[PDB]
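As given, the protein sequences belong to chains A and B, one line each in that order. The deposited numbering puts the first sequence at residues 7 to 59, 62 to 414. The deposited numbering puts the second sequence at residues 7 to 59, 63 to 414. Yeah, the Cβ is synthetic: ideal placement off N, Cα and C, and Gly gets one too. Down below is the structure, laid out as structure tokens.
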Amino acid sequence: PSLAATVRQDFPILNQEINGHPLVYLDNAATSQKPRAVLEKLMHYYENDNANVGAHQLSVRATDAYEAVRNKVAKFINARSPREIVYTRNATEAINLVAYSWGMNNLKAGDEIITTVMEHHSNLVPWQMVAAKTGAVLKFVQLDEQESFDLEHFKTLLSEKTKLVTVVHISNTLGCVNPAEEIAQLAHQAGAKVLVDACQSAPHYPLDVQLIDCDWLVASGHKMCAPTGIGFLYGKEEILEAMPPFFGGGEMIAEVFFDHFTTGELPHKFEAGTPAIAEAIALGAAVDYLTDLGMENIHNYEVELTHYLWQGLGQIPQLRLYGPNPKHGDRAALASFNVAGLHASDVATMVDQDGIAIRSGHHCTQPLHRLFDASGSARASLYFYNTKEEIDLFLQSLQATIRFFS
Amino acid sequence: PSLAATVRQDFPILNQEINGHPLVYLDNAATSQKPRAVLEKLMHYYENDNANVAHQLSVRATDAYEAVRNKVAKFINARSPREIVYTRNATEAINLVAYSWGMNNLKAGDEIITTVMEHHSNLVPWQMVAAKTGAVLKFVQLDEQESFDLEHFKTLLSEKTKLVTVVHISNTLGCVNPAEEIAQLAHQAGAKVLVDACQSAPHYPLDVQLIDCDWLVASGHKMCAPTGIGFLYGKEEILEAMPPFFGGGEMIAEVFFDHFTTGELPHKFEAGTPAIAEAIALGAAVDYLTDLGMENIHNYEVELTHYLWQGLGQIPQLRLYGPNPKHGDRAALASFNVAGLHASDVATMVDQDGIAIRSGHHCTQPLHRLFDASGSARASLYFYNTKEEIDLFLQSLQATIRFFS
Ligand SMILES: CCCCCCCC(=O)O[C@@H]1[C@@H](O)[C@@H](O[C@]2(CO)O[C@H](CO)[C@@H](O)[C@@H]2O)O[C@H](CO)[C@H]1O
Ligand SMILES: *Cc1c(COP(=O)(O)O)cnc(C)c1O
Ligand SMILES: *Cc1c(COP(=O)(O)O)cnc(C)c1O
Numbered sequence: 007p008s009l010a011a012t013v014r015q016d017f018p019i020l021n022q023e024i025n026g027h028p029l030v031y032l033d034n035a036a037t038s039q040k041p042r043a044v045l046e047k048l049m050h051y052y053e054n055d056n057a058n059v062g063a064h065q066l067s068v069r070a071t072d073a074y075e076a077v078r079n080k081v082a083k084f085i086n087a088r089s090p091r092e093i094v095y096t097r098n099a100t101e102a103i104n105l106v107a108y109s110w111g112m113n114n115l116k117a118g119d120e121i122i123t124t125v126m127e128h129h130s131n132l133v134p135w136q137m138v139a140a141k142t143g144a145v146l147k148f149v150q151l152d153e154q155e156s157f158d159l160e161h162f163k164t165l166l167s168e169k170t171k172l173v174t175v176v177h178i179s180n181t182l183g184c185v186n187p188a189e190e191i192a193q194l195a196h197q198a199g200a201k202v203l204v205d206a207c208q209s210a211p212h213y214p215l216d217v218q219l220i221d222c223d224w225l226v227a228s229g230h231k232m233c234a235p236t237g238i239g240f241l242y243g244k245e246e247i248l249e250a251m252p253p254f255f256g257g258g259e260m261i262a263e264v265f266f267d268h269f270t271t272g273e274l275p276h277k278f279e280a281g282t283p284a285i286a287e288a289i290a291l292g293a294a295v296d297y298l299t300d301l302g303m304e305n306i307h308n309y310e311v312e313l314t315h316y317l318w319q320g321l322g323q324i325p326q327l328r329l330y331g332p333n334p335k336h337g338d339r340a341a342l343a344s345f346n347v348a349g350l351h352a353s354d355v356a357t358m359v360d361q362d363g364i365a366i367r368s369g370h371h372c373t374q375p376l377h378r379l380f381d382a383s384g385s386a387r388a389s390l391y392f393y394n395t396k397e398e399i400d401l402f403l404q405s406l407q408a409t410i411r412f413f414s
Numbered sequence: 007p008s009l010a011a012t013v014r015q016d017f018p019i020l021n022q023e024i025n026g027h028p029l030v031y032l033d034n035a036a037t038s039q040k041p042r043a044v045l046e047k048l049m050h051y052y053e054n055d056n057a058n059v063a064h065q066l067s068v069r070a071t072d073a074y075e076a077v078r079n080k081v082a083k084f085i086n087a088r089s090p091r092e093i094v095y096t097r098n099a100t101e102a103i104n105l106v107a108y109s110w111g112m113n114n115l116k117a118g119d120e121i122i123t124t125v126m127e128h129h130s131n132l133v134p135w136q137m138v139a140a141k142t143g144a145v146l147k148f149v150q151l152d153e154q155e156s157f158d159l160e161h162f163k164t165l166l167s168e169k170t171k172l173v174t175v176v177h178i179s180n181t182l183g184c185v186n187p188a189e190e191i192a193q194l195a196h197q198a199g200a201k202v203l204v205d206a207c208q209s210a211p212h213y214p215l216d217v218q219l220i221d222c223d224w225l226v227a228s229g230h231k232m233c234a235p236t237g238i239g240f241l242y243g244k245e246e247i248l249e250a251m252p253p254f255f256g257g258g259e260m261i262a263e264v265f266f267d268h269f270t271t272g273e274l275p276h277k278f279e280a281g282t283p284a285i286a287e288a289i290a291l292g293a294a295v296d297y298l299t300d301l302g303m304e305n306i307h308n309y310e311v312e313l314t315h316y317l318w319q320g321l322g323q324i325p326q327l328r329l330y331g332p333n334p335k336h337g338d339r340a341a342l343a344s345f346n347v348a349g350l351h352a353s354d355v356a357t358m359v360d361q362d363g364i365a366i367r368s369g370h371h372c373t374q375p376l377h378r379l380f381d382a383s384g385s386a387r388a389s390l391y392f393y394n395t396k397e398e399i400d401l402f403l404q405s406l407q408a409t410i411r412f413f414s
């Protein structure tokens with residue numbers, strides 16, 4: 007039995023019909039579905055332990073459960089210390105925290121920030137805000153012949169002015185896996201800091217922050233089987249220690265006087281106000297769930313699905329597939345594409361009639377799409393609960409859609 | 007049958023035993039418990055509609074999520090749902106105003122009036138703003154009933170007052186500050202006004218048009234909603250002029266390599282994937298509360314408040330902080346200290362009787378220094394609490410005093 011076959015019973019949302027057909031959820035790059043383990047953890051907390059994180065029993069229970077999550081996350085990405093993990097609402101907030109706390113205070117006029125043409129808006133806009141306020145300037149790494157990170161071009165962008173390199177780990181559109189470790193090596197040699205947007209890798213790819221040696225890394229819980237409302241920032245302790253606080257308020261202080269306040273120690277320093285307690289505990293359950301399956305196992309299964317998907321799409325003559333072909337190596341378990349003479353919106357709408365859920369649009373990578381004159385694109389994205397049978401249903405619906413518009 | 011008697015069955019967490027006794031949850035000012043209606047809403051979403059907010066699931070998730078904003082707008086009588094911005098908690102909401110408006114509208118010498126009773130979340134952000142802009146903080150003192158001293162507030166107003174930020178109802182003193190009059194006076198002085206309504210939103214009817222505050226913040230976890238969701242209310246004209254805070258997906262209109270354009274309100278201030286399920290749950294919380302009626306909730310809490318204070322006032326070893334409910338309307342809570350006994354020991358001991366209260370400074374450290382107290386014990390109620398529970402609390406407190414005598 008496939009990995010999916012063994013866990014699909016864990017996801018109640020998968021067992022339903024859409025427009026008369028069984029749901030085929032292929033929009034996992036947008037957000038993931040949740041297993042009972044996660045939902046029951048959420049319900050159990052609210053029905054038995056809910057209290058702020062105290063002398064009374066409920067507070068003790070809520071506090072123990074909540075505090076246990078940080079090390080689960082630290083171990084999940086192999087962080088040196090849980091003190092290097094900061095909870096946020098989502099990855100976007102995590103990137104903004106770095107931009108506002110570190111960026112606004114460490115970048116001066118003329119300083120260069122190297123990013124890529126494929127970035128998600130959340131790892132671009134914050135930097136455009138920083139640039140506008142500090143005078144820093146942005147440079148963009150182009151795509152290579154395999155529609156992936158152009159490492160040689162990246163090398164040409166490095167200079168004495170390079171102070172920050174912020175790049176997506178795995179593209180939510182192209183699906184290319186960027187050379188995070190080597191990028192960090194080259195950046196550090198140039199004297200720059202490196203932030204890695206791992207929203208698409210954290211849920212599908214084994215992560216080792218000590219190995220890639222990134223200075224910061226961000227991820228969103230909703231894409232890795234956790235509820236929305238929780239994400240996290242990973243930052244080298246020394247860097248977070250030097251960075252000034254961002255949000256101010258309860259819980260992030262040590263002492264407060266009318267005339268001044270002192271900041272608390274890491275990681276509390278960056279977490280203001282009552283945390284998303286239940287959501288954090290659920291994230292811990294998500295991490296536990298994924299670790300039990302094994303990230304290497306999840307990845308191996310996705311690789312199999314990825315080859316099947318691309319092989320099937322490659323046989324449809326009207327299709328243009330974006331990003332590197334699986335044959336060349338590791339890539340995301342997704343496929344973005346366009347059908348000649350047919351707008352992606354029509355493709356997405358029609359397959360939905362067969363119960364297939366895919367996404368059309370620019371996937372929050374408008375500059376990338378505009379750069380190659382693509383009026384958005386259709387994207388089918390997988391997770392470990394998807395099957396080859398579902399991919400076939402999708403391919404059949406797509407072929408039918410093409411017939412309809414022919 | 008009391009209001010509590012009619013709703014306690016809706017809260018599953020209340021039906022359990024702690025240390026051999028039925029749970030008596032009196033720490034609602036820290037966080038509230040949730041009714042089944044809210045928890046089922048959350049669970050239903052994840053088990054049926056979870057998707058980004063356009064295939065079927067996406068449509069269902071989007072319709073559910075979009076309906077929440079007007080529920081919140083109506084709950085506080087905002088003129089438009091475009092004036093409601095979702096945040097993780099009230100603290101984030103305050104920081105948003107501090108960074109977006111504060112850092113850009115306050116210059117050296119400008120004055121910010123706040124109070125000595127403020128929660129750290131409505132103080133630290135302004136200290137951060139003052140340190141960067143040169144703005145100066147002024148503090149309204151407590152009156153003889155340990156409440157907002159309106160006369161002193163008037164003496165602080167000057168041609169330099171640009172911002173007045175005050176708590177509506179103190180989480181420590183329980184005093185109800187005259188928000189409407191404070192706003193009227195501040196505006197006449199040419200200043201903007203932010204009201205921290207974290208303790209009023211869950212217990213007291215709110216009307217931002219009547220109060221005429223420029224911004225108002227609240228936390229969902231204190232008003233029967235999940236943790237992870239809160240909101241900022243802001244007069245549309247002010248939010249329209251305020252520059253974006255967080256940048257990223259969802260808050261833009263268009264993004265180019267060299268610049269971006271911002272989306273319209275309220276999207277302008279919500280970056281990245283929102284807390285979808287949690288917002289939908291907040292909507293259920295608002296509906297639940299509205300069904301009960303905030304005025305009815307308030308009326309019941311007032312009844313419990315007199316009962317609580319009469320009982321506590323009759324224990325000689327106690328020092329109660331804030332206005333007596335017979336001095337004026339106040340919050341359904343009581344912060345106090347037992348002579349010669351640390352609040353932590355009091356909280357720890359009543360917990361042995363299954364009673365849950367809080368000790369510490371409740372994030373109002375500066376305030377506690379004024380009473381030469383490192384902290385205080387606080388029993389805080391909600392509409393599912395009863396007079397019987399208050400009596401159990403009083404008996405446990407008396408027993409605790411005997412233990413340490
Ligand atoms: C959905 C939005 C993203 C679309 C991304 C399209 C990327 C793309 O067009 O990039 C080209 C890449 O295909 C490749 O181009 C060709 C044809 O495949 O291959 C050679 C170079 O080997 C070119 O002569 C040819 O156009 O390489 C281009 C240069 O790196 C790259 O821009
Ligand atoms: C509880 C409380 C807050 C808390 O904000 P959170 O962000 O929920 O932690 C702020 N102000 C007052 C008056 C409060 O009672
Ligand atoms: C989904 C996505 C994000 C999103 O951030 P959120 O805050 O969860 O909306 C950022 N970067 C990439 C590469 C993504 O795929």
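Closer than 7 Å at the beta carbon, the chain A residues around residue i
{"i": "B/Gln150", "result": "Result: empty, since nearest Cβ-Cβ is about 11 Å, beyond 7 Å."}
Min CB distance residue i to chain B below 7 Å
{"i": "A/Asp360", "result": "yes"}
{"i": "A/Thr100", "result": "yes"}
{"i": "A/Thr409", "result": "no"}
{"i": "A/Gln208", "result": "no"}
{"i": "A/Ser344", "result": "no"}
{"i": "A/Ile261", "result": "yes"}
{"i": "A/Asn86", "result": "no"}
CB contact below 7 Å: residue i versus chain A
{"i": "B/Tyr52", "result": "yes"}
{"i": "B/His196", "result": "no"}
{"i": "B/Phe269", "result": "yes"}
{"i": "B/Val226", "result": "no"}
{"i": "B/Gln136", "result": "yes"}
{"i": "B/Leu390", "result": "no"}
{"i": "B/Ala82", "result": "no"}
Residue closest to residue i, alpha-carbon to alpha-carbon, out of the options
{"i": "B/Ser67", "options": "A/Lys83, A/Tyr31, A/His377", "result": "A/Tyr31"}
{"i": "B/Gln361", "options": "B/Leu29, B/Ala82, B/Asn180", "result": "B/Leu29"}
{"i": "A/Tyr51", "options": "A/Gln404, A/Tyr74, A/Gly62", "result": "A/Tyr74"}
{"i": "B/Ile178", "options": "B/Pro214, B/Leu350, B/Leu172", "result": "B/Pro214"}
{"i": "A/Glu397", "options": "A/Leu313, A/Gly292, A/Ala198, A/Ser414", "result": "A/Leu313"}
{"i": "A/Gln193", "options": "A/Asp223, A/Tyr391, A/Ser405, A/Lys169", "result": "A/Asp223"}
{"i": "A/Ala386", "options": "A/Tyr393, A/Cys207, A/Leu403, A/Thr395", "result": "A/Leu403"}
{"i": "B/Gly111", "options": "B/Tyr95, B/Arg69, B/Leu203, B/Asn86", "result": "B/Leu203"}
{"i": "B/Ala352", "options": "A/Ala36, A/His64, A/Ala11", "result": "A/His64"}
{"i": "A/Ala356", "options": "A/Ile410, A/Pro375, A/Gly237, A/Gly331", "result": "A/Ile410"}
{"i": "A/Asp152", "options": "A/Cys184, A/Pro235, A/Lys277", "result": "A/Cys184"}
Chain B residues whose Cβ lies nearer than 9 Å to that of residue i
{"i": "A/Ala356", "result": "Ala63, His64"}
{"i": "A/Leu132", "result": "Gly256, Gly257, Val264, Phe266, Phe269"}
Neighbouring residues, chain A, relative to residue i (Cβ below 9 Å)
{"i": "B/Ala340", "result": "By Cβ distance, chain A contributes nothing, its closest Cβ being about 17 Å from B/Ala340, past 9 Å."}
Chain-ordered neighbours of residue i on chain B, where CB pairs are closer than 8 Å
{"i": "A/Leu298", "result": "Result: empty, since nearest Cβ-Cβ is about 17 Å, beyond 8 Å."}
{"i": "A/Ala200", "result": "Per Cβ cutoff of 8 Å: no residues; A/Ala200 is ~20 Å from chain B at best."}
Below 9 Å between beta carbons is the criterion; list the residues of the region 234-251 of chain A that meet it against any residue of chain B, in chain order.
The region 234-251 of chain A vs chain B, Cβ under 9 Å: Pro235, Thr236, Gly237, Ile238, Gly239.
Check each residue's C-beta against every heavy atom of ligand 3 and list, in chain order, those closer than 5 Å.
With the criterion CB distance below 5 Å from any heavy atom of ligand 3, the matching residues run A/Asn98, A/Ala99, A/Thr100, A/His128, A/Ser130, A/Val176, A/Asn180, A/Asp205, A/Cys207, A/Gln208, A/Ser228, B/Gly281, B/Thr282 along the chain.
Could you name the residues of the region 176-194 of chain A whose beta carbon sits closer than 7 Å to any beta carbon of chain B, in the order they occur along the chain?
With the criterion set as a beta carbon lying under 7 Å from some beta carbon of chain B, the region 176-194 of chain A has no members that meet it.
Taking beta-carbon pairs under 8 Å, can you tell me which members of the region 10-42 of chain A lie near chain B?
Hits within the stretch, in order: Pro18, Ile19, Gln22, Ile24, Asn25, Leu29, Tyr31, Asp33, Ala36, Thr37, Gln39, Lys40.
Can you pull out the residues from the region 273-292 of chain B whose beta carbon lies closer than 8 Å to at least one beta carbon of chain A?
Within the region 273-292 of chain B, the qualifying residues are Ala280, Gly281, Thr282, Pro283, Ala284, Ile285, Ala286, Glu287.
Taking 6 Å as the limit, name every residue whose beta carbon sits nearer than that to some heavy atom of ligand 1, in sequence order.
Per the CB criterion, closer than 6 Å to any heavy atom of ligand 1, the qualifying residues run in chain order as A/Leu151, A/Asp152, A/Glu153, A/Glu155, A/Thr181, A/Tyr330, A/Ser344, A/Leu376, A/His377, A/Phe380, A/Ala382, A/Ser385.
What residues in the region 373-390 of chain A have a beta carbon less than 7 Å from any beta carbon of chain B?
Per Cβ criterion, the list reads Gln374, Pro375.
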